[PDB]
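In what follows, a structure is listed as structure tokens, so that the remarks can point back to it.
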Amino acid sequence: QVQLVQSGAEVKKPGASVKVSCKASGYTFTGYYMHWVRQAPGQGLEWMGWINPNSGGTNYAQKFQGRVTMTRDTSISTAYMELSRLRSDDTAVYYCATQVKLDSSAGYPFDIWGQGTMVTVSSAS
Amino acid sequence: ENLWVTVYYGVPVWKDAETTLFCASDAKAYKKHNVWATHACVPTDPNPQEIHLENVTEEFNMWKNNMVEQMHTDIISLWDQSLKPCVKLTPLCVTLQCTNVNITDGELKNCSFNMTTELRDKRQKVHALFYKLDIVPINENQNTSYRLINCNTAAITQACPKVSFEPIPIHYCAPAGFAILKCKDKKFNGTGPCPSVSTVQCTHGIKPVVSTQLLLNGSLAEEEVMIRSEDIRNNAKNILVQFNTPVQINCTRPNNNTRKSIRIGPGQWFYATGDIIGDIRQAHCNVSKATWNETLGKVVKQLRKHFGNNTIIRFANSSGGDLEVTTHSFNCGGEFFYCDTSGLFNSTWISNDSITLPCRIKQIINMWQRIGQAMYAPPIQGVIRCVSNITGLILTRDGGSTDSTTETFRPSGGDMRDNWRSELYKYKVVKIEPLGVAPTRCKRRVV
Amino acid sequence: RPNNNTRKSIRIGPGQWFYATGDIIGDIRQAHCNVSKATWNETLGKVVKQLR
Amino acid sequence: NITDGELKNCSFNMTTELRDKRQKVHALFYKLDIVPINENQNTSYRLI
Amino acid sequence: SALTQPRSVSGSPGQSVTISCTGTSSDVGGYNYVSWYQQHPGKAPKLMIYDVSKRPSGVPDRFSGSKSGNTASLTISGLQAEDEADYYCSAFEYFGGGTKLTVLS
Ligand SMILES: *[C@@H]1O[C@H](CO)[C@@H](O[C@@H]2O[C@H](CO)[C@@H](O[C@H]3O[C@H](CO)[C@@H](O)[C@H](O)[C@@H]3O)[C@H](O)[C@H]2NC(C)=O)[C@H](O)[C@H]1NC(C)=O
Ligand SMILES: *[C@@H]1O[C@H](CO)[C@@H](OC2O[C@H](CO)[C@@H](O)[C@H](O)[C@H]2NC(C)=O)[C@H](O)[C@H]1NC(C)=O
Ligand SMILES: *[C@@H]1O[C@H](CO)[C@@H](OC2O[C@H](CO)[C@@H](O)[C@H](O)[C@H]2NC(C)=O)[C@H](O)[C@H]1NC(C)=O
Ligand SMILES: *[C@@H]1O[C@H](CO)[C@@H](O[C@@H]2O[C@H](CO)[C@@H](O)[C@H](O)[C@H]2NC(C)=O)[C@H](O)[C@H]1NC(C)=O
Ligand SMILES: *[C@@H]1O[C@H](CO)[C@@H](O[C@@H]2O[C@H](CO)[C@@H](O)[C@H](O)[C@H]2NC(C)=O)[C@H](O)[C@H]1NC(C)=O
Ligand SMILES: *[C@@H]1O[C@H](CO)[C@@H](O[C@@H]2O[C@H](CO)[C@@H](O)[C@H](O)[C@H]2NC(C)=O)[C@H](O)[C@H]1NC(C)=O
Ligand SMILES: *[C@@H]1O[C@H](CO)[C@@H](O[C@@H]2O[C@H](CO)[C@@H](O)[C@H](O)[C@H]2NC(C)=O)[C@H](O)[C@H]1NC(C)=O
Ligand SMILES: *[C@@H]1O[C@H](CO)[C@@H](O[C@H]2O[C@H](CO)[C@@H](O)[C@H](O)[C@H]2NC(C)=O)[C@H](O)[C@H]1NC(C)=O
Ligand SMILES: *[C@@H]1O[C@H](CO)[C@@H](O)[C@H](O)[C@H]1NC(C)=O
Ligand SMILES: *[C@@H]1O[C@H](CO)[C@@H](O)[C@H](O)[C@H]1NC(C)=O
Ligand SMILES: *[C@@H]1O[C@H](CO)[C@@H](O)[C@H](O)[C@H]1NC(C)=O
Ligand SMILES: *[C@@H]1O[C@H](CO)[C@@H](O)[C@H](O)[C@H]1NC(C)=O
Ligand SMILES: *[C@@H]1O[C@H](CO)[C@@H](O)[C@H](O)[C@H]1NC(C)=O
Ligand SMILES: *[C@@H]1O[C@H](CO)[C@@H](O)[C@H](O)[C@H]1NC(C)=O
Ligand SMILES: *[C@@H]1O[C@H](CO)[C@@H](O)[C@H](O)[C@H]1NC(C)=O
Ligand SMILES: *[C@@H]1O[C@H](CO)[C@@H](O)[C@H](O)[C@H]1NC(C)=O
């Protein structure tokens with residue numbers, strides 16, 4: 001079935017790098033884009049960027065310019081997301097979305113989503 | 001009184017359809033019969049009989065055309081078929097013991113390895129030169145024991161040099177029963193009606209040249225530069241730009257290579273770059289500076305029409321994540337280059353000292369993205385010098401921003417097929433329906 | 001076939017793959033096939049009555 | 001080690017991407033795809 | 001710029017309710033075809049209605065949206081006891097603040 005699995009992450013300390021995954025199945029993985037979105041607890045959504053797994057061409061917003069890196073391993077149809085030099089306001093939940101099925105041909109909007117992983121940070125233990 | 005029906009044969013009526021098309025070349029003689037088949041094609045007419053039309057209106061769509069998919073399929077099928085009877089490099093992936101080139105503190109390395117011979121029991125030892133982008137270590141802890149890059153995942157075949165990769169004009173000519181309509185508007189923004197429509201037997205020459213981030217040897221515009229796209233107000237569609245005056249660009253590899261042929265089996269041969277004689281230097285590419293700044297000024301002045309009459313326009317280098325759509329990739333003289341293009345989109349716009357660019361060279365390429373195939377490239381002897389007319393541009397809009405007037409622009413390699421969309425945006429195939437009914441008075445004598 | 005097999009893939013050359021059964025985890029038992037008895041006898045009676 | 005059988009575990013040499021390396025591997029084979037070669041009388045099997 | 005929407009609106013069971021929001025019309029122009037998402041409490045959001053005047057598969061059409069001359073609206077006809085989730089409006093890249101639709105126990 002068309003779906004996306006993720007891997008839950010533990011709380012990280014400030015100044016560390018997180019590792020986010022997103023694994024798809026079913027439909028062909030090298031045909032459509034894939035976006036990354038974040039949701040803060042008690043606020044609205046905010047878009048992070050979009051990666052094209054066909055050729056590795058990425059494009060992300062200016063809010064995270066120079067701090068996030070997106071890769072892809074099409075040999076096993078999995079994505080990745082790295083982020084170092086963290087802060088305290090980056091406590092949120094992350095999602096990876098696609099546009100596998102829609103009558104229109106434009107890239108937006110995306111409909112299918114995944115489980116999602118809530119990442120939060122703590123200064124001390 | 002009442003009326004009757006009449007049937008007409010030969011009435012001009014068309015309908016938007018699609019079908020296949022065949023090759024069409026011009027009479028030319030030559031080290032021939034390159035990958036693009038020429039002997040198995042139709043010699044074109046000496047002069048095309050372009051016919052003009054009046055008072056005719058119809059629609060177009062450059063982002064939904066069907067000729068580009070057929071052209072891509074034909075190109076990939078022909079490239080695959082012209083590599084079947086060529087040599088296969090299976091026993092080349094023996095482990096290597098490769099040393100540094102004794103230049104004190106490097107681009108290439110000399111590797112020595114065992115190789116078979118025509119006699120199944122003899123084993124010879126040969127040395128060659130390999131570039132740094134076609135070798136991956138295997139030990140890492142920490143000695144030098146190297147191996148190739150592709151035969152961990154896929155196989156490899158050689159490109160025996162009796163054929164050439166030089167692009168040649170190719171006319172797409174529709175079969176008997178169909179027709180082609182060409183629009184001749186000087187303000188064709190991409191989609192909509194076109195007043196001046198003509199009917200030609202079939203199109204002119206097309207050079208199927210592969211390029212990324214920068215079109216090459218295309219078709220010049222007229223009186224203005226063109227800025228085309230499908231939807232500008234969203235960051236999910238690459239934007240095409242076409243200049244009105246070609247910019248000259250000179251790429252050169254000053255090395256002096258030597259072809260060294262060794263036996264790999266009964267009736268086969270294996271070529272390598274045996275030695276570099278001369279001065280070890282990096283292959284570069286030059287572009288004029290004043291013309292580039294003038295062209296950038298023209299294109300930003302033309303682009304200001306779509307983003308308010310007073311905004312800040314900035315350029316930035318590629319985002320990254322590959323070796324094919326971050327740099328400027330092309331082929332010439334029988335070699336594939338990868339020239340960094342960061343020294344071009346490094347300006348900021350508001351309200352004779354030429355530019356230079358470094359270039360790297362690869363041999364084991366994985367072009368035409370697939371699995372199970374990898375094409376080796378034979379080395380060219382002598383020196384290479386390629387002059388080109390850069391005319392096009394491919395730019396992704398930007399990322400998401402809160403609010404400002406300082407949106408940026410970053411070039412990114414397209415889908416390896418938009419290079420032809422700068423040449424097939426003024427063509428459309430159509431069929432003929434010579435039947436029809438019309439009411440008028442008739443009484444056919446039964447007699 | 002009530003067994004629980006495992007696919008094990010190994011390399012055989014550059015760009016090739018070779019699959020094999022893995023070490024089975026479970027209960028080693030024989031693959032079988034069941035058929036109803038009364039329906040079979042009824043069908044055999046019908047067919048012999050027709051063949052007579 | 002099922003004491004007193006349908007399948008048997010076999011081990012053999014196999015090539016690799018590198019033409020000089022040789023890696024031994026084991027697998028499971030059914031009793032109808034294997035025929036002995038010695039018969040006098042040790043266990044040395046081959047395909048059919 | 002960005003899209004805004006009221007934080008919360010009241011609603012009674014059975015009664016048909018409405019939600020309408022739109023920023024400055026110079027960015028909208030009436031043709032961006034803003035979509036509408038449903039964000040469930042502690043769950044994975046899902047699409048309720050895509051670009052405009054059209055409903056995707058798998059979702060009931062008992063509540064649907066429309067686009068007026070200057071504002072996109074969403075009418076929930078026949079409110080039930082399963083509409084306890086947030087509603088978001090989304091353009092190509094821009095998003096809204098958020099709306100909550102509450103029911104009476
Ligand atoms: C864009 O079009 C250019 C044509 O002006 C083309 O340049 C030509 O490329 C060939 C390829 O090696 C060069 O060499 C050719 O011509 C010499 C003439 O002596 C022959 O000996 C060679 O065998 C070969 O046919 C040309 O010198 C060069 N220039 C001209 C004027 O022909 C570019 O290569 C094209 N760009 C790309 C990316 O292919
Ligand atoms: C590359 O190196 C070649 C070998 O030295 C050189 O070849 C020859 O040219 C020189 C200069 O005129 C002659 O003296 C010599 O007899 C030639 N030998 C052969 C076998 O052709 C090439 O000229 C060098 N490449 C360039 C571009 O100069
Ligand atoms: C065959 O053996 C599999 C390995 O134990 C087993 O797989 C899994 O299922 C169990 C039961 O729910 C899980 O606890 C376990 O995490 C699973 N692991 C993987 C890798 O999927 C299969 O269920 C067995 N086959 C049958 C039919 O039960
Ligand atoms: C790479 O190594 C090979 C072998 O070590 C070099 O080949 C020989 O080069 C040396 C120069 O140091 C000569 O003295 C020998 O006569 C050459 N032949 C043999 C059979 O040893 C090769 O030159 C090296 N590559 C480079 C670029 O220096
Ligand atoms: C690219 O190469 C061409 C060919 O040599 C250069 O063109 C010429 O310019 C030089 C000096 O600028 C003149 O001596 C030649 O007479 C010119 N020839 C032609 C045919 O125009 C061109 O300048 C080179 N590009 C750059 C940026 O230097
Ligand atoms: C073959 O399998 C089918 C499917 O399980 C069996 O059918 C059913 O019979 C069992 C018990 O006899 C019932 O609990 C199921 O509800 C039945 N399902 C259906 C769809 O009929 C069938 O009995 C099996 N064959 C034999 C000979 O046992
Ligand atoms: C067939 O033989 C192989 C090798 O003897 C077995 O593989 C190993 O199995 C033993 C179990 O006795 C383990 O202790 C080892 O760790 C396994 N690996 C190696 C590398 O020896 C295999 O299990 C046998 N097949 C069956 C069905 O028992
Ligand atoms: C694009 O241009 C920027 C401009 O600097 C390059 O920037 C940086 O990255 C380098 C290595 O990753 C660092 O050594 C520089 O200090 C750093 N500079 C800044 C201002 O951040 C970037 O590498 C270029 N990208 C590519 C793909 O060439
Ligand atoms: C085209 O239309 C114009 C205006 O109706 C008319 O004057 C002209 O004769 C037409 N052309 C032809 C070839 O009939
Ligand atoms: C070979 O070149 C590498 C590249 O930096 C260097 O690290 C190494 O020390 C060199 N070794 C010798 C023997 O020259
Ligand atoms: C094959 O047999 C011959 C017999 O003289 C022997 O010399 C040779 O070594 C054998 N094969 C090889 C290549 O060793
Ligand atoms: C060939 O292989 C042997 C051992 O595998 C090695 O000693 C020898 O150096 C190799 N040949 C060359 C030319 O390196
Ligand atoms: C081209 O012009 C038509 C006419 O209004 C317009 O609908 C379309 O959006 C334009 N497209 C571009 C890419 O400018
Ligand atoms: C880009 O322009 C700035 C302007 O000062 C310069 O410092 C920088 O070196 C340029 N980048 C490259 C890669 O030339
Ligand atoms: C490049 O432009 C020049 C100047 O217009 C022209 O003479 C030349 O023919 C062009 N190159 C090609 C390959 O058409
Ligand atoms: C490979 O062959 C050698 C001798 O031919 C043998 O000793 C060895 O056991 C074989 N490998 C395995 C895994 O059995």
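Numbering starts fresh at 1 for the residues of each chain in the structure tokens, the chains themselves are lettered A, B, ... in the order given, and ligands are numbered from 1 as they appear.
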Near residue 47 of chain E, within 7 Å and counting only C-alpha atoms, which residues show up once chain neighbours fewer than 5 positions away are dropped, as a ChimeraX atom specification? /A:111 /E:36-38
Mind listing the residues within 10 Å of ligand 2, only C-alpha atoms and all ligand atoms counted, as number ranges by chain? B: 254-258, 276-278, 381-384
Write out as JSON, numbers by chain which residues come within 9 Å of residue 11 of chain C when counting only C-alpha atoms, dropping same-chain ones fewer than 2 positions away. {"C": [9, 13, 14, 15, 16, 17, 18, 19], "D": [14, 15, 16, 17]}
Using the selection just defined, write its residues with N, CA and C atoms as a tab-separated table (two decimals), in the first residue's frame.
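Output saved as again_35.tsv:
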```tsv
chain	number	residue	atom	x	y	z
C	9	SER	N	20.46	-13.70	-0.30
C	9	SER	CA	21.04	-13.25	-1.56
C	9	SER	C	22.54	-13.12	-1.41
C	13	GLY	N	28.95	-12.17	-9.12
C	13	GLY	CA	29.75	-11.45	-10.07
C	13	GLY	C	29.39	-9.98	-10.11
C	14	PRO	N	30.07	-9.21	-10.96
C	14	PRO	CA	29.77	-7.77	-11.04
C	14	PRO	C	28.41	-7.50	-11.65
C	15	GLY	N	27.46	-7.06	-10.82
C	15	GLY	CA	26.14	-6.72	-11.29
C	15	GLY	C	25.13	-7.85	-11.26
C	16	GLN	N	25.49	-9.02	-10.75
C	16	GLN	CA	24.58	-10.15	-10.69
C	16	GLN	C	24.22	-10.46	-9.24
C	17	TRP	N	23.23	-11.33	-9.08
C	17	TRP	CA	22.80	-11.76	-7.76
C	17	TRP	C	22.31	-13.20	-7.84
C	18	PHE	N	22.41	-13.91	-6.72
C	18	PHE	CA	22.00	-15.30	-6.65
C	18	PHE	C	21.26	-15.53	-5.35
C	19	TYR	N	20.01	-15.96	-5.44
C	19	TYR	CA	19.16	-16.18	-4.28
C	19	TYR	C	19.13	-17.65	-3.91
D	14	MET	N	32.60	-19.97	-3.99
D	14	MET	CA	31.94	-19.10	-4.95
D	14	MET	C	32.80	-17.88	-5.21
D	15	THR	N	32.73	-17.38	-6.44
D	15	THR	CA	33.52	-16.23	-6.85
D	15	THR	C	32.95	-14.95	-6.23
D	16	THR	N	33.58	-13.82	-6.57
D	16	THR	CA	33.16	-12.52	-6.09
D	16	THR	C	33.41	-11.52	-7.22
D	17	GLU	N	33.04	-10.26	-6.98
D	17	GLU	CA	33.28	-9.22	-7.98
D	17	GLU	C	34.76	-9.11	-8.31
```
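We find atom CA of residue 28 of chain B and atom 4 (C, counted along the ligand's line) of ligand 15 to be spaced 24.0 Å apart.
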When DSSP works through the backbone of this structure, what residues of segment 33-251 of chain B end up as helix (DSSP H, G or I), shown as an NGL selection string? :B and (67-81 or 91-93)
Please identify every polymer residue within 9 Å of ligand 3, using only C-alpha atoms and all ligand atoms, and present the set as a list in words. residues 2, 3, 4, 5, 6, 24, 25 and 26 of chain C
Within 9 Å of ligand 10, counting only C-alpha atoms and all ligand atoms, residues as a short mmCIF file (atom, residue, chain, number, x, y, z; two decimals) with N, CA, C and O atoms, in the first residue's frame:
```cif
data_model
loop_
_atom_site.label_atom_id
_atom_site.label_comp_id
_atom_site.auth_asym_id
_atom_site.auth_seq_id
_atom_site.Cartn_x
_atom_site.Cartn_y
_atom_site.Cartn_z
N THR B 99 49.56 3.86 -7.23
CA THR B 99 50.44 4.78 -6.53
C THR B 99 50.16 6.21 -6.97
O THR B 99 49.41 6.47 -7.92
N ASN B 100 50.78 7.16 -6.27
CA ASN B 100 50.63 8.57 -6.61
C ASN B 100 51.40 8.89 -7.88
O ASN B 100 52.34 8.20 -8.28
N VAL B 101 50.98 9.97 -8.53
CA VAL B 101 51.60 10.40 -9.78
C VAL B 101 52.92 11.11 -9.50
O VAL B 101 53.91 10.91 -10.20
N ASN B 102 56.40 11.91 -9.70
CA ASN B 102 56.47 12.16 -8.26
C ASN B 102 56.26 13.64 -7.96
O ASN B 102 57.15 14.32 -7.46
N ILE B 103 55.06 14.14 -8.28
CA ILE B 103 54.75 15.55 -8.06
C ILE B 103 54.62 15.79 -6.56
O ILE B 103 53.74 15.23 -5.90
N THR B 104 55.51 16.62 -6.01
CA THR B 104 55.48 16.91 -4.59
C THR B 104 54.31 17.83 -4.25
O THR B 104 53.76 18.53 -5.10
N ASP B 105 53.94 17.82 -2.97
CA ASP B 105 52.83 18.63 -2.49
C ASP B 105 53.28 20.06 -2.20
O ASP B 105 52.76 21.02 -2.79
N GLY B 106 47.63 17.06 -7.82
CA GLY B 106 47.36 15.65 -8.08
C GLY B 106 45.94 15.40 -8.56
O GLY B 106 44.98 15.75 -7.88
N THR B 144 46.98 1.42 0.57
CA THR B 144 46.47 1.77 -0.75
C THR B 144 46.18 0.50 -1.53
O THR B 144 47.10 -0.15 -2.04
#
```
Distance filter 10 Å around ligand 8, atoms: only C-alpha atoms and all ligand atoms, out as an MDAnalysis selection string: (chainID A and resid 66) or (chainID B and resid 316:323 326:327 340:343 345:346)
Find the residues of chain B that sit at most 6 Å from chain A; for each, write down the nearest two atoms and how far apart they are in Å, to one decimal. Count only C-alpha atoms. Sort by chain, then by number going up, and give it as JSON lines.
```
{"residue": "B:321", "atom": "CA", "partner": "A:56", "partner_atom": "CA", "distance": 5.5}
{"residue": "B:399", "atom": "CA", "partner": "A:61", "partner_atom": "CA", "distance": 4.1}
{"residue": "B:400", "atom": "CA", "partner": "A:61", "partner_atom": "CA", "distance": 4.4}
{"residue": "B:401", "atom": "CA", "partner": "A:62", "partner_atom": "CA", "distance": 6.0}
```
Non-local contacts of residue 20 of chain D (12 Å; only C-alpha atoms; under 6 positions in same chain excluded) as a list in words: residues 91, 92, 93, 94, 95, 96, 113, 114 and 115 of chain B; 13 of chain C; 14 of chain D
Please identify the residues whose atoms come within 7 Å of ligand 12, using only C-alpha atoms and all ligand atoms, and report them as a ChimeraX atom specification. /B:97,112-114,124-126
Using the chain letters and numbers from this document, which residues of chain E does DSSP assign to strand (DSSP E or B), as an MDAnalysis selection string? chainID E and resid 8:9 17:21 35:39 46:49 63:67 72:76 86:90 95 99:101
Output file for the selection above: N, CA, C and O atoms, as a tab-separated table (two decimals), in the first residue's frame:
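Saved result, out35.tsv, follows:
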```
chain	number	residue	atom	x	y	z
E	8	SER	N	-10.55	30.23	16.28
E	8	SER	CA	-11.58	29.25	16.62
E	8	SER	C	-12.95	29.84	16.34
E	8	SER	O	-13.17	31.04	16.46
E	9	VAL	N	-13.88	28.96	15.96
E	9	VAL	CA	-15.26	29.32	15.71
E	9	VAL	C	-16.16	28.30	16.40
E	9	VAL	O	-15.81	27.12	16.49
E	17	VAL	N	-22.23	24.74	9.48
E	17	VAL	CA	-21.29	25.78	9.88
E	17	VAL	C	-20.44	26.18	8.68
E	17	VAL	O	-20.41	25.51	7.65
E	18	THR	N	-19.75	27.31	8.82
E	18	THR	CA	-18.94	27.87	7.74
E	18	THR	C	-17.63	28.40	8.30
E	18	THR	O	-17.56	28.82	9.46
E	19	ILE	N	-16.59	28.37	7.47
E	19	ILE	CA	-15.31	28.97	7.81
E	19	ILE	C	-14.73	29.62	6.56
E	19	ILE	O	-14.60	28.97	5.52
E	20	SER	N	-14.38	30.90	6.66
E	20	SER	CA	-13.91	31.65	5.51
E	20	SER	C	-12.70	32.48	5.91
E	20	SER	O	-12.72	33.17	6.93
E	21	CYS	N	-11.64	32.41	5.10
E	21	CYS	CA	-10.42	33.16	5.35
E	21	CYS	C	-9.70	33.41	4.03
E	21	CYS	O	-9.73	32.58	3.12
E	35	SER	N	-5.88	24.93	-0.88
E	35	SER	CA	-6.39	23.64	-0.44
E	35	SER	C	-6.84	23.73	1.02
E	35	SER	O	-6.73	24.78	1.66
E	36	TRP	N	-7.36	22.62	1.56
E	36	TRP	CA	-7.76	22.59	2.96
E	36	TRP	C	-7.38	21.25	3.58
E	36	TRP	O	-7.76	20.20	3.07
E	37	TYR	N	-6.63	21.31	4.68
E	37	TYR	CA	-6.17	20.14	5.41
E	37	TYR	C	-6.88	20.04	6.75
E	37	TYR	O	-7.29	21.04	7.35
E	38	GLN	N	-7.01	18.80	7.24
E	38	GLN	CA	-7.58	18.51	8.54
E	38	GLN	C	-6.50	17.92	9.43
E	38	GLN	O	-5.97	16.84	9.14
E	39	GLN	N	-6.19	18.61	10.52
E	39	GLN	CA	-5.17	18.19	11.47
E	39	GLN	C	-5.86	17.61	12.70
E	39	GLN	O	-6.54	18.32	13.43
E	46	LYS	N	-4.55	14.82	7.07
E	46	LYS	CA	-5.01	14.26	5.81
E	46	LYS	C	-5.73	15.34	5.02
E	46	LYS	O	-6.24	16.31	5.59
E	47	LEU	N	-5.77	15.17	3.70
E	47	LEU	CA	-6.38	16.15	2.82
E	47	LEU	C	-7.89	16.00	2.80
E	47	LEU	O	-8.41	14.89	2.58
E	48	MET	N	-8.61	17.10	3.03
E	48	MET	CA	-10.06	17.14	2.92
E	48	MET	C	-10.54	17.61	1.56
E	48	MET	O	-11.48	17.03	1.01
E	49	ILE	N	-9.92	18.64	1.00
E	49	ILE	CA	-10.28	19.13	-0.33
E	49	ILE	C	-9.05	19.77	-0.96
E	49	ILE	O	-8.40	20.64	-0.36
E	63	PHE	N	-19.28	17.62	3.62
E	63	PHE	CA	-18.77	18.95	3.91
E	63	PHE	C	-17.75	19.31	2.85
E	63	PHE	O	-16.84	18.53	2.57
E	64	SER	N	-17.91	20.49	2.24
E	64	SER	CA	-17.09	20.83	1.08
E	64	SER	C	-16.87	22.33	1.05
E	64	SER	O	-17.50	23.09	1.79
E	65	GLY	N	-15.97	22.76	0.17
E	65	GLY	CA	-15.61	24.15	0.04
E	65	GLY	C	-15.99	24.74	-1.31
E	65	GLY	O	-16.48	24.06	-2.21
E	66	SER	N	-15.76	26.05	-1.42
E	66	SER	CA	-16.00	26.79	-2.64
E	66	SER	C	-15.11	28.03	-2.63
E	66	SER	O	-14.51	28.38	-1.61
E	67	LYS	N	-15.02	28.69	-3.78
E	67	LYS	CA	-14.21	29.89	-3.94
E	67	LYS	C	-15.10	31.02	-4.44
E	67	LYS	O	-15.63	30.95	-5.56
E	72	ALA	N	-12.07	32.29	-0.26
E	72	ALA	CA	-12.36	30.86	-0.29
E	72	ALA	C	-13.01	30.45	1.02
E	72	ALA	O	-12.51	30.76	2.10
E	73	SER	N	-14.14	29.75	0.92
E	73	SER	CA	-14.92	29.35	2.08
E	73	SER	C	-15.06	27.83	2.12
E	73	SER	O	-14.89	27.15	1.10
E	74	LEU	N	-15.37	27.31	3.31
E	74	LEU	CA	-15.58	25.89	3.53
E	74	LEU	C	-16.84	25.74	4.36
E	74	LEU	O	-16.90	26.20	5.51
E	75	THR	N	-17.86	25.11	3.78
E	75	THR	CA	-19.15	24.89	4.44
E	75	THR	C	-19.19	23.43	4.90
E	75	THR	O	-19.04	22.50	4.10
E	76	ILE	N	-19.37	23.25	6.21
E	76	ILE	CA	-19.59	21.93	6.79
E	76	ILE	C	-21.10	21.77	6.95
E	76	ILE	O	-21.71	22.34	7.86
E	86	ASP	N	-8.60	20.33	13.81
E	86	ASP	CA	-8.25	21.65	13.30
E	86	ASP	C	-8.32	21.66	11.78
E	86	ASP	O	-8.14	20.64	11.12
E	87	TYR	N	-8.56	22.84	11.22
E	87	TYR	CA	-8.63	23.03	9.78
E	87	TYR	C	-7.60	24.07	9.36
E	87	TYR	O	-7.56	25.17	9.92
E	88	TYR	N	-6.79	23.72	8.36
E	88	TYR	CA	-5.72	24.59	7.87
E	88	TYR	C	-5.94	24.88	6.40
E	88	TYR	O	-6.41	24.01	5.65
E	89	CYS	N	-5.62	26.10	5.98
E	89	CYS	CA	-5.60	26.46	4.57
E	89	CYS	C	-4.15	26.54	4.10
E	89	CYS	O	-3.27	26.99	4.84
E	90	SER	N	-3.91	26.09	2.87
E	90	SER	CA	-2.55	26.00	2.36
E	90	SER	C	-2.50	26.38	0.89
E	90	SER	O	-3.28	25.87	0.08
E	95	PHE	N	1.18	28.81	4.31
E	95	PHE	CA	0.19	28.17	5.15
E	95	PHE	C	-0.54	29.22	5.98
E	95	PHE	O	-0.17	30.39	6.01
E	99	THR	N	-7.42	27.07	12.42
E	99	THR	CA	-8.79	27.26	12.86
E	99	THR	C	-9.22	26.03	13.63
E	99	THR	O	-8.87	24.90	13.26
E	100	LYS	N	-9.98	26.24	14.71
E	100	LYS	CA	-10.54	25.16	15.50
E	100	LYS	C	-12.06	25.20	15.42
E	100	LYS	O	-12.67	26.26	15.59
E	101	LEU	N	-12.66	24.04	15.16
E	101	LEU	CA	-14.11	23.90	15.08
E	101	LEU	C	-14.57	23.06	16.27
E	101	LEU	O	-14.30	21.86	16.33
```
At a cut-off of 10 Å and counting only C-alpha atoms and all ligand atoms, what residues surround ligand 16? Please answer as a list in words.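 Using only C-alpha atoms and all ligand atoms, I find these residues within 10 Å of ligand 16: residues 10, 11, 12, 13, 14, 22, 23, 24, 25 and 26 of chain D.
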Just N, CA, C and O atoms for this one: save the residues we selected as a compact mmCIF listing (two decimals), in the first residue's frame.
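Contents of the output file again-v6.txt:
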```
# COMPACT_ATOMS: atom_id res chain seq x y z
N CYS D 10 24.31 -27.52 2.22
CA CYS D 10 25.53 -27.71 1.45
C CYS D 10 26.36 -26.44 1.56
O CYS D 10 25.83 -25.34 1.71
N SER D 11 27.68 -26.62 1.48
CA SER D 11 28.63 -25.51 1.51
C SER D 11 29.61 -25.65 0.35
O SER D 11 30.08 -26.74 0.03
N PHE D 12 29.92 -24.52 -0.29
CA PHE D 12 30.75 -24.57 -1.48
C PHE D 12 31.45 -23.24 -1.69
O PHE D 12 31.10 -22.23 -1.09
N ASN D 13 32.46 -23.27 -2.56
CA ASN D 13 33.19 -22.07 -2.93
C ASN D 13 32.42 -21.29 -3.99
O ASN D 13 31.69 -21.87 -4.79
N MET D 14 32.60 -19.97 -3.99
CA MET D 14 31.94 -19.10 -4.95
C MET D 14 32.80 -17.88 -5.21
O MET D 14 33.51 -17.39 -4.32
N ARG D 22 37.90 -15.44 -3.33
CA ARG D 22 37.02 -16.60 -3.34
C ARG D 22 36.37 -16.73 -1.97
O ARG D 22 37.08 -16.86 -0.96
N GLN D 23 35.04 -16.66 -1.92
CA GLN D 23 34.33 -16.74 -0.61
C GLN D 23 33.42 -17.97 -0.56
O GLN D 23 32.57 -18.12 -1.45
N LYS D 24 33.60 -18.81 0.48
CA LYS D 24 32.77 -20.02 0.69
C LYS D 24 31.39 -19.59 1.21
O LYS D 24 31.34 -18.70 2.07
N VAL D 25 30.32 -20.23 0.72
CA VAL D 25 28.94 -19.90 1.17
C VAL D 25 28.15 -21.19 1.40
O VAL D 25 28.54 -22.23 0.83
N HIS D 26 27.11 -21.13 2.24
CA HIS D 26 26.28 -22.29 2.52
C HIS D 26 24.82 -21.99 2.18
O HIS D 26 24.38 -20.84 2.25
```
Out of A:89, A:122, A:84, A:36, which residue has the shortest atom-to-atom distance to chain E when counting only C-alpha atoms?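 Selected residue with least distance to chain E: A:36.
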